[PDB]
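*Asks:* Dropping in data_29.csv, which is CSV, C-alpha atoms and all ligand atoms:
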chain,number,residue,atom,x,y,z
P,3,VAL,CA,0.0,0.0,0.0
P,4,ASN,CA,1.2,3.6,-0.7
P,5,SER,CA,-0.3,7.2,0.0
P,6,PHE,CA,-1.4,8.1,-3.6
P,7,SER,CA,-5.2,8.8,-3.8
P,8,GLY,CA,-7.8,9.1,-6.5
P,9,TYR,CA,-5.8,7.7,-9.4
P,10,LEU,CA,-7.3,5.8,-12.3
P,11,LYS,CA,-5.5,2.5,-12.8
P,12,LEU,CA,-4.4,2.1,-16.4
P,13,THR,CA,-2.2,-1.1,-16.1
P,14,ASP,CA,-0.6,-3.3,-13.5
P,15,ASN,CA,1.9,-0.5,-12.7
P,16,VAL,CA,0.7,2.8,-14.3
P,17,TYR,CA,-1.9,5.1,-12.6
P,18,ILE,CA,-3.1,8.5,-13.8
P,19,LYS,CA,-4.9,11.6,-12.3
P,20,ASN,CA,-5.8,15.1,-13.3
P,21,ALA,CA,-3.6,17.0,-10.8
P,22,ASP,CA,-1.1,19.8,-10.3
P,23,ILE,CA,2.1,17.9,-9.7
P,24,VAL,CA,3.3,20.6,-7.3
P,25,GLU,CA,0.1,20.3,-5.2
P,26,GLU,CA,0.3,16.5,-5.4
P,27,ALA,CA,3.9,16.5,-4.3
P,28,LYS,CA,3.1,18.8,-1.4
P,29,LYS,CA,0.3,16.5,-0.2
P,30,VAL,CA,2.0,13.1,-0.7
P,31,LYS,CA,5.7,13.9,-0.1
P,32,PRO,CA,6.6,11.0,-2.4
P,33,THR,CA,10.0,9.3,-2.2
P,34,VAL,CA,10.6,10.5,-5.9
P,35,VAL,CA,9.0,13.3,-7.9
P,36,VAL,CA,10.1,13.5,-11.5
P,37,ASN,CA,10.9,16.9,-13.1
P,38,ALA,CA,10.5,17.6,-16.8
P,39,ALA,CA,14.1,18.9,-17.0
P,40,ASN,CA,16.2,20.2,-19.8
P,41,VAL,CA,19.9,19.3,-20.1
P,42,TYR,CA,21.0,22.6,-18.4
P,43,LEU,CA,18.6,22.1,-15.4
P,44,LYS,CA,17.3,25.6,-16.2
P,45,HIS,CA,13.9,25.4,-14.5
P,46,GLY,CA,11.9,28.1,-16.2
P,47,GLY,CA,8.4,26.9,-17.1
P,48,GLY,CA,6.0,24.0,-17.2
P,49,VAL,CA,6.6,21.4,-14.5
P,50,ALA,CA,10.3,22.6,-13.9
P,51,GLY,CA,9.4,26.2,-13.5
P,52,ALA,CA,6.4,25.2,-11.2
P,53,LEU,CA,8.4,22.7,-9.1
P,54,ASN,CA,11.3,25.1,-8.8
P,55,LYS,CA,9.0,28.0,-7.8
P,56,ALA,CA,7.5,25.8,-5.1
P,57,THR,CA,11.0,25.2,-3.6
P,58,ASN,CA,11.6,29.0,-3.4
P,59,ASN,CA,14.4,28.6,-6.1
P,60,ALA,CA,16.3,26.1,-3.9
P,61,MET,CA,16.0,23.5,-6.7
P,62,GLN,CA,17.6,26.0,-9.2
P,63,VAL,CA,20.5,26.8,-6.7
P,64,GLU,CA,21.2,23.1,-6.2
P,65,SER,CA,20.9,22.5,-10.0
P,66,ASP,CA,23.4,25.2,-10.9
P,67,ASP,CA,26.0,23.7,-8.5
P,68,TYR,CA,25.3,20.3,-10.2
P,69,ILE,CA,25.9,21.6,-13.7
P,70,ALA,CA,29.0,23.6,-12.6
P,71,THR,CA,30.5,20.3,-11.4
P,72,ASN,CA,29.2,17.8,-13.9
P,73,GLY,CA,28.2,19.6,-17.1
P,74,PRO,CA,24.9,19.2,-18.9
P,75,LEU,CA,22.7,16.0,-18.9
P,76,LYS,CA,22.1,14.1,-22.1
P,77,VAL,CA,18.7,14.2,-23.8
P,78,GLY,CA,17.1,10.9,-22.6
P,79,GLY,CA,19.2,11.1,-19.4
P,80,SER,CA,18.6,12.0,-15.7
P,81,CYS,CA,20.1,12.8,-12.4
P,82,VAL,CA,18.9,12.4,-8.8
P,83,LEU,CA,18.9,15.6,-6.7
P,84,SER,CA,17.1,16.7,-3.6
P,85,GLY,CA,13.3,16.8,-3.5
P,86,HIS,CA,13.5,19.9,-1.2
P,87,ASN,CA,10.1,20.5,0.4
P,88,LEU,CA,8.2,18.4,-2.2
P,89,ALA,CA,9.7,14.9,-2.0
P,90,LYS,CA,12.6,12.9,-0.7
P,91,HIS,CA,14.3,13.0,-4.1
P,92,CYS,CA,13.8,14.7,-7.4
P,93,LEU,CA,14.6,12.7,-10.5
P,94,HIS,CA,15.3,15.3,-13.2
P,95,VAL,CA,14.6,13.5,-16.5
P,96,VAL,CA,15.2,15.1,-20.0
P,97,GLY,CA,12.7,14.1,-22.5
P,98,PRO,CA,13.3,15.2,-26.1
P,99,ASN,CA,11.9,18.7,-26.8
P,100,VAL,CA,10.1,18.6,-30.2
P,101,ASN,CA,10.0,22.5,-30.2
P,102,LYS,CA,13.9,22.3,-30.2
P,103,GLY,CA,14.0,19.5,-33.0
P,104,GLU,CA,15.1,16.5,-30.7
P,105,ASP,CA,14.6,12.8,-31.8
P,106,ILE,CA,11.3,11.6,-30.4
P,107,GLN,CA,12.8,8.0,-30.3
P,108,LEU,CA,14.7,9.4,-27.2
P,109,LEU,CA,11.4,9.4,-25.3
P,110,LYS,CA,11.7,5.6,-24.5
P,111,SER,CA,15.3,6.2,-23.2
P,112,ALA,CA,14.0,9.0,-21.0
P,113,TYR,CA,11.3,6.8,-19.5
P,114,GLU,CA,13.8,4.0,-18.8
P,115,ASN,CA,15.2,6.2,-16.1
P,116,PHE,CA,12.0,5.6,-14.1
P,117,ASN,CA,12.8,1.9,-13.8
P,118,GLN,CA,15.7,2.7,-11.3
P,119,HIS,CA,13.0,3.8,-8.8
P,120,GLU,CA,10.3,1.5,-7.2
P,121,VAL,CA,7.6,4.3,-7.0
P,122,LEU,CA,7.4,7.7,-8.7
P,123,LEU,CA,5.1,10.7,-9.0
P,124,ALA,CA,5.7,12.0,-12.6
P,125,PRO,CA,4.5,14.1,-15.4
P,126,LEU,CA,4.1,12.8,-19.0
P,127,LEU,CA,7.6,13.2,-20.4
P,128,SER,CA,8.0,15.5,-23.5
P,129,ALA,CA,4.3,16.5,-23.0
P,130,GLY,CA,3.0,20.2,-22.5
P,131,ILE,CA,5.6,22.8,-23.7
P,132,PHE,CA,8.1,20.0,-24.8
P,133,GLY,CA,5.8,19.6,-27.8
P,134,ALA,CA,5.3,15.8,-28.1
P,135,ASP,CA,1.8,14.2,-28.5
P,136,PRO,CA,0.8,13.3,-24.9
P,137,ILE,CA,-1.2,10.3,-26.1
P,138,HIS,CA,2.1,8.9,-27.5
P,139,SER,CA,4.0,9.8,-24.3
P,140,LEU,CA,1.5,7.8,-22.3
P,141,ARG,CA,1.8,4.8,-24.6
P,142,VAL,CA,5.6,4.9,-24.3
P,143,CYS,CA,5.3,5.2,-20.5
P,144,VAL,CA,3.1,2.1,-20.3
P,145,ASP,CA,5.3,0.2,-22.7
P,146,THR,CA,8.6,1.2,-21.0
P,147,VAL,CA,8.1,1.8,-17.2
P,148,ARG,CA,7.9,-1.4,-15.1
P,149,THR,CA,8.0,0.3,-11.7
P,150,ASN,CA,5.0,2.0,-10.1
P,151,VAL,CA,4.3,5.4,-11.7
P,152,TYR,CA,1.6,7.8,-10.6
P,153,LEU,CA,1.1,10.3,-13.5
P,154,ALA,CA,-0.2,13.8,-12.8
P,155,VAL,CA,-1.8,15.4,-15.9
P,156,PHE,CA,-2.2,19.2,-15.4
P,157,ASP,CA,-4.7,19.9,-18.1
P,158,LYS,CA,-8.2,18.6,-17.3
P,159,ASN,CA,-9.2,18.5,-21.0
P,160,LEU,CA,-6.1,16.4,-21.9
P,161,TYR,CA,-6.6,14.1,-18.9
P,162,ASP,CA,-10.1,13.3,-20.2
P,163,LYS,CA,-8.8,12.7,-23.7
P,164,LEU,CA,-5.9,10.5,-22.4
P,165,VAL,CA,-8.3,8.3,-20.4
P,166,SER,CA,-11.0,8.1,-23.1
P,167,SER,CA,-8.5,7.1,-25.8
P,168,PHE,CA,-6.3,4.7,-23.8
P,169,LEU,CA,-5.9,1.3,-25.3
P,201,LIG,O1,-1.4,18.3,-19.1
P,201,LIG,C1,-0.2,18.2,-18.9
P,201,LIG,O2,0.3,17.5,-17.9
P,201,LIG,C2,0.9,18.6,-19.9
P,201,LIG,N1,0.2,19.4,-20.9
P,201,LIG,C3,0.0,19.0,-22.2
P,201,LIG,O3,0.4,18.1,-22.7
P,201,LIG,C4,-0.9,20.1,-22.8
P,201,LIG,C5,-1.4,20.3,-24.0
P,201,LIG,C6,-2.2,21.4,-24.3
P,201,LIG,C7,-2.5,22.3,-23.4
P,201,LIG,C8,-2.0,22.2,-22.1
P,201,LIG,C9,-1.2,21.1,-21.8
P,201,LIG,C10,-0.4,20.5,-20.6
P,201,LIG,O4,-0.4,21.0,-19.6
Could I get this file's structure written as C-alpha cells?
*Replies:*
Amino acid sequence: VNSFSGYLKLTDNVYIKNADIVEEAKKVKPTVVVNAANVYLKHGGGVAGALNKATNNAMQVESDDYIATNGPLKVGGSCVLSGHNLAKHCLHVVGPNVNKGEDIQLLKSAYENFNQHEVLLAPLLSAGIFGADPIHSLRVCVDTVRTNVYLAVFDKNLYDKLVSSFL
C-alpha cells in the first residue's frame, strides 16, 4: 500500500490523475518526484518552473551547482537531486523537446530512467511545452516503465482525452 489517492489504474503499474504535480507532491511527499528537466537544469516553465517556484528557487540553486560540477545532462538522461520541500528526491529527466528538434525516439530512453525507482510521482515526459503528442507519451510510458508510476496530468481536458483514448 502507498499514499497516492484518486488515481485511475491504467495497467498493473501505471496510474493517472488530473492534478497539479506541485500540489500532489506537497500533499503526498513521495520518495521520488520526476521533473521535466532540460539538459541545463534551467527550470523556467512547465513542470520545472512550477516545481522550482514551489522550492523558493532552492531547486535551481542546487541544479546550478550540479551543472557547474558535472556539465549538462544528455537528452534521454537523468540525475537524482534533492526533492526539497516536495519529495525525498527529485529525478530530473530530460525528454526530447520537439520544439527544439530533438529525436522523439529518445522518449523511450527518457522513461527507462524511471525503472531505477520503485515508485514515482511524474508528469508525462515530453508533454506540455516540450511539444510531443501526450497520447504517444502515455503509450511509451506504459510500454517502458515497469516500476509503479503515478502520472499527474495538469490539463483537465487532456486528462479526459488520455483516459477516453487509452488502449
Ligand atoms: O497536461 C499536462 O500535464 C501537460 N500538458 C499538455 O500536454 C498540454 C497540451 C495542451 C494544453 C496544455 C497542456 C499541458 O499541460
*Asks:* Which value, in Å to one decimal, gives the distance between CA of residue 16 in chain P and CA of residue 143 in chain P?
*Replies:*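 Taking CA of residue 16 in chain P as the start and CA of residue 143 in chain P as the end point, the length is 8.1 Å.
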*Asks:* Please identify every polymer residue within 6 Å of ligand LIG 201 (chain P), using only C-alpha atoms and all ligand atoms, and present the set as a PyMOL selection string.
*Replies:* chain P and resi 125+129-130+136+155-157+160
*Asks:* Could you check which of P:132, P:68, P:113, P:9 is closest to residue 49 in chain P, using all atoms listed in the file?
*Replies:*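 Closest to residue 49 in chain P of all the choices is P:132.
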*Asks:* Write out as a ChimeraX atom specification which residues come within 12 Å of residue 24 in chain P when counting all atoms listed in the file, dropping same-chain ones fewer than 2 positions away.
*Replies:* /P:21-22,26-32,35-37,48-57,85-89,123-125,154-156
*Asks:* From the options P:150, P:166, P:80, P:107, which residue's atoms come nearest to residue 13 in chain P, counting all atoms listed in the file?
*Replies:*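 Closest candidate: P:150.
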*Asks:* Which residue out of P:10, P:131, P:109, P:151 has the minimum interatomic distance to residue 165 in chain P when only C-alpha atoms are used?
*Replies:*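 Under the stated criterion, the closest residue is P:10.
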*Asks:* Would you compute the distance between CA of residue 92 in chain P and CA of residue 71 in chain P? Give it in Å to one decimal.
*Replies:*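 Calculated distance between CA of residue 92 in chain P and CA of residue 71 in chain P is 18.1 Å.
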*Asks:* Kindly indicate which residue among P:126, P:134, P:147, P:75 lies nearest to residue 18 in chain P, using all atoms listed in the file for the distances.
*Replies:* P:126
*Asks:* Mind listing whatever residues come within 12 Å of the point (19.2, 19.6, -17.9)? Use only C-alpha atoms, file coordinates, and give them as an MDAnalysis selection string.
*Replies:* chainID P and resid 37:46 50 62 65:66 68:70 72:83 93:99
*Asks:* CA of residue 169 in chain P to CA of residue 141 in chain P: how many Å, to one decimal?
*Replies:* 8.5 Å
*Asks:* Could you tell me which of P:34, P:63, P:137, P:108 comes closest to residue 162 in chain P if we count all atoms listed in the file?
*Replies:*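 Looking only at the distances to residue 162 in chain P, the closest residue turns out to be P:137.
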*Asks:* Restricting the calculation to only C-alpha atoms: of P:14, P:60, P:4, P:138, which residue gets closest to residue 122 in chain P?
*Replies:*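 When distances to residue 122 in chain P are compared using only C-alpha atoms, the smallest one comes from P:4.
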*Asks:* So that I can see what lies close to residue 149 in chain P, please list as a PyMOL selection string the residues with an atom at most 10 Å from it, counting all atoms listed in the file and leaving out residues fewer than 5 positions away in the same chain.
*Replies:* chain P and resi 14-16+114+116-122
